[PDB]
Amino acid sequence: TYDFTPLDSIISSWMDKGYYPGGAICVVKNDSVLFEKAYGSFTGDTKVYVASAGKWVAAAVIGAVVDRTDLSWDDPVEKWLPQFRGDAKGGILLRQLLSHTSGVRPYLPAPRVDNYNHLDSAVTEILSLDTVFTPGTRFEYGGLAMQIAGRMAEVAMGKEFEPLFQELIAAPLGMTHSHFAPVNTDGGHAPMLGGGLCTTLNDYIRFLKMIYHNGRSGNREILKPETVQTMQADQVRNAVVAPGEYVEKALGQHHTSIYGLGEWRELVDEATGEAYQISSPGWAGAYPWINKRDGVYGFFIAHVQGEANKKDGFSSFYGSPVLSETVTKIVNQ
């Protein structure tokens with residue numbers, strides 16, 4: 001019998017200040033739902049564009065392809081996409097694309113925006129762009145590199161990325177209201193993999209349950225256990241992490257191993273190098289997480305109105321780990 005008042009108070013205060021028009025949360029501990037509540041206009045089935053919350057899901061689609069084909073985390077781009085031969089980008093590894101360590105430019109040069117609904121067209125435009133640094137040498141967050149990662153999975157399966165998501169992840173989990181494409185163009189819900197995901201509280205909770213159980217759902221192996229472990233491992237490695245990236249800024253943690261495959265390693269045990277809190281926050285307030293020490297997975301879904309970073313110091317991106325912090329307090333007496 002936990003007391004969830006402190007969490008409810010924080011979320012209600014965001015609604016009372018008009019930061020969001022609505023929202024919903026679900027917190028699960030040791031496979032029991034401890035707290036589930038919708039605010040404002042929302043239900044569990046309200047569809048929301050969740051931006052970077054989809055990076056976690058997109059990495060899982062690619063992991064399901066890696067499980068089924070000769071595609072591997074250490075494959076170079078040019079093995080699969082021969083139009084990249086002759087370009088320094090051809091030697092980028094799949095794991096580097098998904099860990100923000102590729103050196104591919106973060107977003108198209110202004111005023112262009114990658115809103116492509118087909119990755120083959122997206123990747124042709126990305127091919128023309130100079131890199132910003134040598135692969136593996138720096139961490140820099142962005143969206144273009146994951147377009148390339150997605151296209152490599154498309155080629156390995158002979159099938160486009162959105163249909164792959166439905167075949168390999170959404171259908172087997174019973175996610176019925178989710179999609180990466182078509183891409184909404186209102187701003188900040190693009191490119192496809194990095195920011196395109198539209199989902200619901202009920203859909204994304206099914207995804208997190210799967211991840212929490214090391215890729216199993218019931219009697220099905222949705223991802224191999226090793227694939228889930230690799231997604232959660234240090235994929236930044238020796239890349240230089242600049243001061244003030246999300247983990248340092250939002251959580252105060254100073255490890256360099258801040259990212260896996262499409263997911264942040266928010267809290268890490270130094271002695272083992274294992275991450276015990278993992279997340280994929282979006283700029284507009286969506287915050288999914290797992291805390292292995294708590295035995296918790298949860299998801300807050302919402303979309304900020306106005307700017308993400310407001311004059312009272314609230315931030316729908318950098319403020320989000322208050323949710324996992326408050327749950328950690330609650331579930332440990």
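Each value in this text was obtained by applying a stated rule to the coordinates, not by laboratory testing. Every residue, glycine among them, receives a Cβ derived from its backbone with ideal geometry; neighbour counts consider all protein chains shown.
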Would a scan of segment 246-262 turn up a residue that is closer than 27 Å to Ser13 by Cα, under 13 Å from the mean Cα position of the chain (by Cα) and assigned to a strand (DSSP E or B)?
no
Being surrounded by 22 or more Cβ atoms within 10 Å (Cβ to Cβ) and either among the aliphatic types (A, V, I, L, M) or under 20 Å from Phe299 (Cα atoms) (or both) is the filter here; which residues of segment 150-163 pass it?
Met152, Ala153
Take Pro111 and decide whether it is free of Cβ contacts under 8 Å to residues at least 12 places away in the same chain and in a loop (DSSP other than H, G, I, E, B).
yes
Quick one: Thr230 ticks every box in (1) β-branched (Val, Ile, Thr); (2) farther than 21 Å from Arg293 by Cβ; (3) under 19 Å from the mean Cα position of the chain (by Cα); (4) surrounded by fewer than 19 Cβ atoms within 10 Å (Cβ to Cβ) bar one, so which box is it?
(2)
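Residues of segment 129-141 being buried (at least 17 other Cβ atoms within 10 Å of the Cβ) and in a loop (DSSP other than H, G, I, E, B), which ones? Can you show your working first?
To start, the set of residues in segment 129-141 that are buried (at least 17 other Cβ atoms within 10 Å of the Cβ) comprises 135-136, 138-140.
Correct list: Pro135, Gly136, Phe139, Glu140.
Mind counting the residues in segment 1-30 that are acidic (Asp, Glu), touching a residue at least 40 places away in the same chain (Cβ under 8 Å) and either on the phi > 0 side of the Ramachandran plot or assigned to a helix (DSSP H, G or I) (or both)? Give the steps one after another, and end with the answer.
Step one: of segment 1-30, the residues acidic (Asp, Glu) are 3, 8, 16.
Checking the rest, the ones that are also touching a residue at least 40 places away in the same chain (Cβ under 8 Å) come to 3.
Remaining after also requiring either on the phi > 0 side of the Ramachandran plot or assigned to a helix (DSSP H, G or I) (or both): none.
Going through segment 1-30 one residue at a time, the tally reaches 0.
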Scan segment 306-333 residue by residue and report those that are touching a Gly at 6+ places or on another chain (Cβ under 9 Å) and in a helix (DSSP H, G or I).
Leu323, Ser324, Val327, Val331
List every residue pair whose Cβ atoms sit under 6 Å apart, with the two residues 6 or more apart in sequence or on different chains, where the first one lies in segment 32-46 and is aromatic (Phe, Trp, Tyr) and the second, anywhere, is surrounded by 13 or more Cβ atoms within 10 Å (Cβ to Cβ).
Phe35/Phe4; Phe35/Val27; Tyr39/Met15; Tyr39/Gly22; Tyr39/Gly23; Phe42/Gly22; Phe42/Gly23; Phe42/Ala24
Kindly provide the set of residues from segment 165-197 that are within 15 Å of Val48 (Cα to Cα), surrounded by fewer than 20 Cβ atoms within 10 Å (Cβ to Cβ) and either without any contact (Cβ under 8 Å) to a residue 40 or more places away in the chain or out of contact with any helix residue (DSSP H, G or I) (no Cβ under 8 Å at 6 or more places or on another chain) (or both), ordered by number.
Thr176, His179, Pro182, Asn184, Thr185, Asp186, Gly187
Residues that are of a type in the set (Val, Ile, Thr), more than 26 Å from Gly91 (Cα to Cα) and out of contact with any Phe, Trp or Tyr (no Cβ under 7 Å at 6 or more places or on another chain): does segment 202-211 have at least one?
yes
Segment 131-157 residues that are more than 19 Å from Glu78 (Cβ to Cβ), paired with ones that are in a helix (DSSP H, G or I) (beta carbon under 7 Å, 6 or more apart):
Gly143/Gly194; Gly143/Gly195
Please give the number of the condition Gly142 fails out of (1) of a type in the set (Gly, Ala, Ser); (2) closer than 12 Å to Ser102 by Cβ; (3) out of contact with any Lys or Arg (no Cβ under 8 Å at 6 or more places or on another chain).
(3)
